[PDB]
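This report concerns only the one structure given below.
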Amino acid sequence: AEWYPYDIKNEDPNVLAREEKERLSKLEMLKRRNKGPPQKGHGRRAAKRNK
Amino acid sequence: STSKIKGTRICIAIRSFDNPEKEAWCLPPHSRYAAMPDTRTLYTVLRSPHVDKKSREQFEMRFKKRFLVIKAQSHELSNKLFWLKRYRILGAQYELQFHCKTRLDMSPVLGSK
Amino acid sequence: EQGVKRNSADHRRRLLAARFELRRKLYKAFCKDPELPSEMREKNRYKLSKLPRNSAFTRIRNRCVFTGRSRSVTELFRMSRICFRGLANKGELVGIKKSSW
Amino acid sequence: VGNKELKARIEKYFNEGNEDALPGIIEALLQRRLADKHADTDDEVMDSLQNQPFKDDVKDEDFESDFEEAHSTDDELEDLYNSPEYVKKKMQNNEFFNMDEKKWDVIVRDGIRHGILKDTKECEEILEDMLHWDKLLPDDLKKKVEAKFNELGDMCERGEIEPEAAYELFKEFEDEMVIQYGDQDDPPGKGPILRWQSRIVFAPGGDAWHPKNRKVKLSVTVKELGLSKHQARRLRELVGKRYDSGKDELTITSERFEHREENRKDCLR
Amino acid sequence: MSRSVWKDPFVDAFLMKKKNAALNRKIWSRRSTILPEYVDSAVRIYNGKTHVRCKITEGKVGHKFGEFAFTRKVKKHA
Amino acid sequence: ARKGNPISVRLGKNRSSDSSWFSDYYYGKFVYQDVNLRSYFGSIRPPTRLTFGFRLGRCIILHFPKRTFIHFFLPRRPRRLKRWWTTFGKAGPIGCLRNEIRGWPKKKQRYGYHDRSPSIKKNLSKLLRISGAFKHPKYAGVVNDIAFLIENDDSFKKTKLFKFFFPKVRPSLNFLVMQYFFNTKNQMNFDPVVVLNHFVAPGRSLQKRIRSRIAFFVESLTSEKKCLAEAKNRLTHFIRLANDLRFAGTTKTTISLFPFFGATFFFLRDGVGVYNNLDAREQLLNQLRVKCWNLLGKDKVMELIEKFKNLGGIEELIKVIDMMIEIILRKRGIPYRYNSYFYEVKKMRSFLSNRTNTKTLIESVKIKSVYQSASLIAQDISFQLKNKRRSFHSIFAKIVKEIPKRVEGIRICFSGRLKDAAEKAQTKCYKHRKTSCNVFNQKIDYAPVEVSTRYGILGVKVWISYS
Amino acid sequence: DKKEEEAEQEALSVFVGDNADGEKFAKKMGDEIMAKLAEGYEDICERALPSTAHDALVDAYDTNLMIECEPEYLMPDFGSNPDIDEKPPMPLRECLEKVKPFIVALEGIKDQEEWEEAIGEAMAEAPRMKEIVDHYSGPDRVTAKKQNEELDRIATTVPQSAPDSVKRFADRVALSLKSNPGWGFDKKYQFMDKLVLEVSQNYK
RNA sequence: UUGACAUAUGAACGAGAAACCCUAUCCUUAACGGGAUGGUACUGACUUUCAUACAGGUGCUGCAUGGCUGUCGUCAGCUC
Ligand SMILES: [Mg+2]
Ligand SMILES: [Mg+2]
Ligand SMILES: [Mg+2]
Ligand SMILES: [Mg+2]
Ligand SMILES: [Mg+2]
Ligand SMILES: [Mg+2]
């Protein structure tokens, strides 16, 4: 059970905040051009099913 | 005399990836100095992440070991042990053997002879 | 728990195998004595068969802790051969040197 | 002042920047200590202030300027290609990098020579008397002091002697007379010699357990046990191959216990 | 002793409590052994896709359940 | 059979590894920790627009029993040249307003990091504060003698004791209590007489020897209780009391004997570092005095004069001023003139020592140029390419313009979508002076780096040769 | 250069307040109690005000107690035989009065009252040394003899109605767990407890 | 079906409840799971549940790429 070890970067909130900022920036770049994830329960094939 | 030290003594075994003669200033003082034969472990891995089976790169992990003998007396054993617990040998893991003598109390087994 | 997504199922299996080790050993030891009564041997065989199959050590697969690769994982380094070669050519792996005998 | 009113005072003190709510704080807490009803609360306030973390956010500009002001630039490197040699050479120049017993007694005796330290000859003398006194005492003096102490304890138990200081004076006179009359490699003791073996592994990194730690071996010569031929043959049958006939040596190794001292006990048992 | 095989034949745990009551329905357990007490019962053995019907007789005792439900279709070349 | 990393062919000779340790039972833990720590330390404080950033050229890690040493190497910020009393909001919300035989053994781990553990430094600070404060008047004459020997005698300067102790509970019973608990917790036969050999450094008065032997013989044979007739002799059995206080007299020495608290100073010698804040500490100490005396005595003193007229326990006001000093020191946050770099280094050292169960030490060396390692040049090129300011040719020309003279050559390769007009990627190479990688006795350094762009990944490879 | 000194002086003045109240308070209260409160304040500032030298001394003491109090680095008295009988140790007090003449000769101690004060303060400072050694060494050790006696006791609890083969199985399981260093003692007694619990399910 | 896993935001319960865990036990599932019964310990800048930004993809493009590799080729060439 000790095979997969802890990663020491989780002790620093600055690195985690930087990674989360990168993820949120990529998410907003997707959302500005309307290529982000659809609403859960309202997928494209599900929207054509309700059409 | 060049004969073997067979009595009360501290033996030190030092294992490292590098030669301890490169930094011999950090070695503890000793009466005898001996070396074990080198031992290697061969690793052969594929160079490419995909199919290039005949292309290999070979690595090794070479083990080095030295043996140190410190002649001591029975009273100067804990005093030597205190400073031996705090040494810093450069890039190594050291190993303390203790050879000490006591005397056997035969009073609970003298009746059975 | 550990971070790599393709190592999650194996990590869960390793934790489950650590949880159920004592019961597995007890039931296997009960099933191993032939002088025991047959009813006790059958009930311990039943409890050995009711242990979760993900808690067995044979389901555990050694994966790379960096990438999650399931193949060519050296056990001493816990990394795949590609990670091993990449770290070894940079001098990052202690004691690892190019062999040219 | 209750805790709810004190919360407002503490809150108005923290995030305003002016030294205005402190008279209210000292007034409320002095009143709370005088009434001494919230005596269980001040301890957890002290714990909350001391142990709970605060907003320790260091900005990058302060980080860089505060790093730059404290470190002088190195002038002998010119590259980082031989940096581990630089660190190892810095460790070389430290004369007390590794301390042994000889350097320690050298600096101890030189501190003695400057009056800062005392010689320990009196201490090792009193330790020698505290450890081995029955070998440094003549045998007749042992029973003489025992008989005198028996006489003093016989006369003390009567009660009419008032022997709270007379017995001490009599013992002091007897000890003065005894001092006037008296003052004018292999192991110690006796028996067959045991030969122990022990190992300590000094692994780096704060995890000190190693599989080689617990094993203890004990050796003895069978001829030193005084056994007969039949007893020696029964011992050889019981032992088997742990006995070596060429060295006449019986070796008992114990590793089945978790700790070194348990294996040392198990060898002798 | 009288036993010629020291190890018992394997049976899954759901067949060890209700016994023949579990053998009038669909069975996914191809690794179990057909016991002598299972005779005169009808089982439907999963082959990967469908539950293949099998009738337990005297000659099926000591075999695995998966020996009577084939997993690959016997195939022909044009 | 393609071109390999230049580091690998000259790793045993002409270049050393950045780490220095050995283990066999713990190889996997340390080989994971090297990569994981070097990956963590390279992501610390990236360069913003206004900041030069934390740049690591080398990290040197050395592992010892219970101790690990980290040595950082940073380039200085290139810049062309010509408050704490009022801080708020840096302390927040204040809540809290309103099986004896079958014990568990010590847990062990082999491959990774330890779990979260509460610290011990508060108890150590308490034991070193309320005990062994060395303001007791026994030590004053000896430290005066030490100062006189320092400022007057040349023999107290070429000696090992001065060099060791000055690098340019009384402590005997504390050791006895510590060894008692440490030997009885592990069920070890604790003989306190044998412990006294640690107090002895051996490398007329025979009458006292004889009386001490007699007293030891008297106390040895006795202690056979359940008899009142001999208990009357036990009442006058204070003949060992005369042996107890026999060796007493005037003392003029501070014990720096007894090699256990000399080991504390030995560990202190390599752990002080290059930074201290005592000059700010004394200033804050003498200003918090006049802050405290101006705070009490503002016509609210009727509670304090009620306290002093209560009883002789006036000194429980010290707990009130404890809470006060804690409140003002919590309002500020971070010490007065404490170095922010060393505060962050201490914050890193705390969790590194808690996770590794060691005593880690981080020491920093500031170096002149960013051209002293291939890693620093690659990192600088990647940060110049992260925000678009210039082209590859201008980057190489700026690099070649300020090459120090140690560099006998350099080579930089760029890979990816180098031109925004075209879709096909290409590789552009720039070489300066000598970059022969097939000569093994040369000092060739190499480092790759990747650049995250809008159109994918750009890659920089840097070769540099030192003389 | 006027602005930085002006700002620092203004911040220092708004920090310390007006000095008249301090001089007014120092005269009302008295000089010797002022001295005691000053001693109390400087006793606070070695704890409340953090120092780099104090933290360095704390780290050095931490390293010394790490290396010294590690149970894997135990060596016994090198001239002594192992304690087979496993005698209980005598209390700390008695150990300290056992070594009284040596400590008096080594430490000074002019009279009996100095020794009594030293023993009293060492006794008051012993409870937190206990917690320090608990943090460093670990919980306990528990010798092999008591572990084996516990393992044998647990077996003897095999329910009385159970056949002789079950009792033989439990005794042999205790015997083979008796000589296994690769098992923790917690795992050993948990194994024996679960064996007895499984046996007791069918032999009430 | 906000998911096995992460972060953020907003509500709801909870000043010691619940989730969580176990030397756990029993029943029911082909199995994961599901349902009961005990015990220990924790929770207020904190736990859980819900909601939505989402999380997730060994899906496609090596003819968008980084990194790594094969080959011409240990051939004596290729350049400034
Ligand atoms: Mg080998
Ligand atoms: Mg992936
Ligand atoms: Mg497998
Ligand atoms: Mg898929
Ligand atoms: Mg291609
Ligand atoms: Mg190809």
Side-chain angles (χ1 to χ4, degrees), chain A residues 10 13 16-17 19-21 23-24 27-28 30-31 36-41 43, chain B residues 46-57, chain C residues 1-9 11-12 19 22-23 26 47 50 52-54 68-70 82-83 85-86 89, chain D residues 48 52-55, chain E residues 12-15 17-18 22 25-32 44-46 51 65, chain F residues 1-5 92-99 102 104 414-418 422-427 431 438 448-453 455-461, chain G residues 186-198 201:
Chain A
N10 303 283
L16 310 186
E19 277 162 356
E20 196 78 56
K21 154 177 74 174
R23 191 187 65 86
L24 295 174
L27 265 188
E28 290 294 327
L30 285 173
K31 296 193 76 176
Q39 186 173 355
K40 176 155 190 74
Chain B
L46 297 155
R47 278 200 198 242
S48 165
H50 187 273
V51 286
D52 277 324
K53 176 70 161 183
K54 291 185 178 68
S55 199
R56 319 279 204 112
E57 189 151 46
Chain C
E1 276 92 323
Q2 45 89 28
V4 167
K5 193 252 181 181
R6 299 182 54 83
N7 288 340
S8 196
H11 186 67
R12 192 180 293 273
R19 168 88 175 103
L22 213 56
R23 292 170 268 195
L26 186 78
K47 306 203 174 187
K50 286 286 298 204
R53 286 163 226 195
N54 274 347
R69 214 178 186 262
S70 299
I82 311 167
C83 295
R85 198 189 157 249
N89 289 337
Chain D
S48 64
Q52 293 177 335
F54 57 93
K55 197 177 311 298
Chain E
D12 278 330
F14 80 101
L15 296 169
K17 40 169 169 174
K18 53 193 180 296
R25 69 177 307 177
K26 322 191 153 175
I27 296 300
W28 281 261
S29 171
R30 308 167 47 88
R31 67 205 204 154
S32 294
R44 298 192 290 290
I45 306 161
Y46 202 66
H51 291 97
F65 272 107
Chain F
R2 266 175 167 253
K3 186 171 284 292
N5 202 304
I94 186 167
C96 288
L97 275 303
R98 181 177 65 83
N99 278 347
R102 311 203 203 156
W104 290 267
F414 292 98
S415 290
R417 303 189 194 182
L418 299 183
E423 294 291 326
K424 204 185 183 180
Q426 74 262 33
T427 300
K431 49 150 77 187
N438 269 27
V449 70
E450 64 180 0
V451 174
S452 63
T453 62
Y455 304 111
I457 302 296
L458 196 147
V460 189
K461 293 180 173 178
Chain G
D186 51 325
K187 304 281 171 74
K188 287 188 207 185
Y189 70 72
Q190 280 156 359
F191 195 89
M192 299 298 308
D193 284 359
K194 287 185 69 72
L195 193 144
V196 172
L197 200 72
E198 290 286 331
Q201 283 188 267

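Chain naming here is simple, since letters A, B, ... match the order of the sequence lines and numbering starts at 1 in each. Worth knowing before you read on, the calculation uses all heavy atoms, side chains too, and leaves out hydrogens, waters and symmetry mates.
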Is it true that [N] and [M] form a pair, Watson-Crick or G-U wobble, with both distances below 3.5 Å?
| N | M | result |
| --- | --- | --- |
| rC50(H) | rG10(H) | yes |
| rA24(H) | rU37(H) | yes |
| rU9(H) | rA51(H) | yes |
| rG38(H) | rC22(H) | yes |
| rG3(H) | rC54(H) | yes |
| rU52(H) | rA8(H) | yes |

Pucker class of [N] from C1'-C2'-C3'-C4', north or south?
| N | result |
| --- | --- |
| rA45(H) | south |
| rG73(H) | south |
| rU71(H) | north |
| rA76(H) | south |
| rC26(H) | north |

Answer yes or no: are the six-membered ring centres of [N] and [M] under 5.5 Å apart with planes under 30°?
| N | M | answer |
| --- | --- | --- |
| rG39(H) | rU40(H) | yes |
| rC27(H) | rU28(H) | yes |
| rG35(H) | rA36(H) | yes |
| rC63(H) | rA64(H) | no |
| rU74(H) | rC75(H) | no |

>> Could you go through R44(E) and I27(E), starting from their C-alpha distance and side-chain angles, then the distance that decides it, and tell me whether this counts as side-chain contact (heavy atoms from CB on, under 4.5 Å)?
In response: CA-CA 6 Å; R44(E) 298 192 290 290; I27(E) 296 300; over 6 Å; no
Taking any heavy-atom pair under 4.0 Å as a contact, classify [X]: base, sugar-phosphate, or nothing.
| X | value |
| --- | --- |
| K21(A) | nothing |
| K424(F) | sugar-phosphate |
| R23(A) | base |
| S55(B) | sugar-phosphate |
| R12(C) | sugar-phosphate |
| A1(F) | sugar-phosphate |
| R47(B) | sugar-phosphate |
| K31(A) | sugar-phosphate |
| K188(G) | nothing |
| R23(C) | sugar-phosphate |
| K47(C) | sugar-phosphate |

>> My understanding is that a pair needs two contacts under 3.5 Å, Watson-Crick or G-U wobble. By that rule, which nucleotide pairs with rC42(H)?
In response: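 Here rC42(H) is not engaged in any pair, so there is no nucleotide opposite it.
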>> List the residues meeting ring pair (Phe, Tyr, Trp, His ring centres under 6.0 Å) with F14(E), not counting sequence neighbours, and say none if there are none.
In response: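 Checked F14(E) against ring pair (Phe, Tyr, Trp, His ring centres under 6.0 Å); zero matches.
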>> Salt bridge or not between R31(E) and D12(E)? Use side-chain N to carboxylate O under 4.0 Å.
In response: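 Judged by the 4.0 Å cut-off on N to carboxylate O distance, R31(E) and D12(E) do form a salt bridge.
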> Do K31(A) and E28(A) meet the salt-bridge criterion of a basic N to acidic O distance under 4.0 Å?
Replying inline: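 Salt bridge: no.
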>> Taking syn as a glycosidic torsion within 90° of 0 and anything else as anti, which one is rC46(H)?
In response: syn
>> Checking one value: the base orientation of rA15(H), syn if chi is within 90 degrees of 0, otherwise anti.
In response: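 The base of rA15(H) is oriented syn (glycosidic angle within 90° of 0).
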>> If you assign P37(A) and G95(F) each to the RNA chain H nucleotide with the nearest heavy atom, which residue ends up on the more 5' nucleotide?
In response: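 Counting from the 5' end, the first nearest nucleotide belongs to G95(F).
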> Mapping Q190(G) and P53(D) to their closest nucleotides on RNA chain H, which lands nearer the 5' end?
Replying inline: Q190(G)
>> Using modelled atom types and a 3.5 Å cut-off, is there a donor and acceptor pairing between side-chain atoms of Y46(E) and backbone atoms of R30(E)?
In response: no
>> Any side-chain to backbone donor/acceptor pair from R417(F) onto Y455(F)? Under 3.5 Å, distance only.
In response: yes
Can you list everything that forms a side chain to side chain donor-acceptor pair (under 3.5 Å) with [X]? Sequence neighbours excluded, please.
| X | result |
| --- | --- |
| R6(C) | none |
| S70(C) | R63(C) |
| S415(F) | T427(F) |
| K461(F) | none |

> Taking any atom under 4.0 angstrom from a heavy atom of chain B, which nucleotides of RNA chain H are the first and last to qualify, 5' to 3'?
Replying inline: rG67(H) to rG70(H)
> Using the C1' atom in both, what is the distance from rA4(H) to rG33(H), to the nearest Å?
Replying inline: 14 Å
